[PDB]
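Readers should treat all values here as calculations from the given coordinates under stated rules, not as data from a laboratory. A quick note on method: Cβ atoms are made from the backbone with ideal geometry, for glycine too, and the neighbour counts reach across all protein chains shown.
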Amino acid sequence: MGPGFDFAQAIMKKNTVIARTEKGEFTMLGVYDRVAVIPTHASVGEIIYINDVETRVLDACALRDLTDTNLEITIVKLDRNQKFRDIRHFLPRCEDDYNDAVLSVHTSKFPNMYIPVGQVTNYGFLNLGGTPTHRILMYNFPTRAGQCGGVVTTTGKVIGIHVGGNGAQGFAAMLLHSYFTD
């Protein structure tokens, strides 16, 4: 409808796949080459389904901060025959608050879904499903089951992936440029 949705659409159309694990279907953001991200609670194994195609996982790393605290981001390298567009220059370098964010989902259950969530707070610490988690972003939207892995963007920045909610607020794990240096 406007430049927020325009940027979100551009990311969804070229840089997302549908990932299926034993824990469900997730929106998965491709970042560069064969490297993508997914919430750690997807429990990625040796094999994953990507757009309903059996795919070997070449590497998977559940990220934690230097205090050995969960970040809820898993970085996956896929044995895929095609590279993602490189979107690393849209990733923030530092922890921040944001105005006017969009949460975007693409699954069998919710295809081509875009949600204007508004103001995003650098919340920091969250007890997420019982697990102490750092670098959490919070938005005042009543997010629901099936939105996990959803991409959080502003105009010009890809800032996080949706990892949970409490029925009134939604929570995303930050994406930082330093996660994807090579």
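Does the stretch 1-91 come out rounded, prolate or oblate by the C-alpha gyration tensor, with a ≥ b ≥ c the root eigenvalues, rounded set by a/c under 1.5 and, if not, prolate when a/b is larger than b/c and oblate if not? It is oblate, given that a/c is not under 1.5 and a/b is not larger than b/c.
Mean residue ellipticity at 222 nm, helices only, the chain: -2500 deg cm²/dmol; runs of at least 4 DSSP H residues each add -39,500 (n - 2.57), and the sum is divided by the number of residues. Each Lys or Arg adds one and each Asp or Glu takes one away; over the other residues whose Cβ falls under 10 Å from the Cβ of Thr107, this sums to +1. Computed from phi, the 3J(HN,Hα) profile of the stretch 91-100 under the Karplus parametrisation 6.51, -1.76, 1.60 (θ = phi - 60°) reads 8, x, 7, 10, 5, 7, 8, 9, 9, 6 Hz, with x in place of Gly and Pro. Label the stretch 88-161 by shape, choosing from rounded, prolate and oblate, from the square roots a ≥ b ≥ c of the eigenvalues of the Cα gyration tensor; if a/c is under 1.5 it is rounded, and otherwise prolate applies when a/b is larger than b/c, oblate when it is not. It comes out oblate by the Cα gyration axes.
Bridging of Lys14 to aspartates and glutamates at a Cα separation below 12 Å is possible for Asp86, once same-chain residues fewer than 8 apart are set aside.
Which shape class applies to the chain: rounded if a/c is under 1.5, otherwise prolate when a/b exceeds b/c and oblate if not, where a ≥ b ≥ c are the square roots of the Cα gyration tensor eigenvalues? Judged from the Cα gyration tensor, the chain comes out rounded (a/c under 1.5). Other residues within the sphere of radius under 13 Å centred on the Cβ of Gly160, judged by their own Cβ, net out at -2 (K and R +1, D and E -1).
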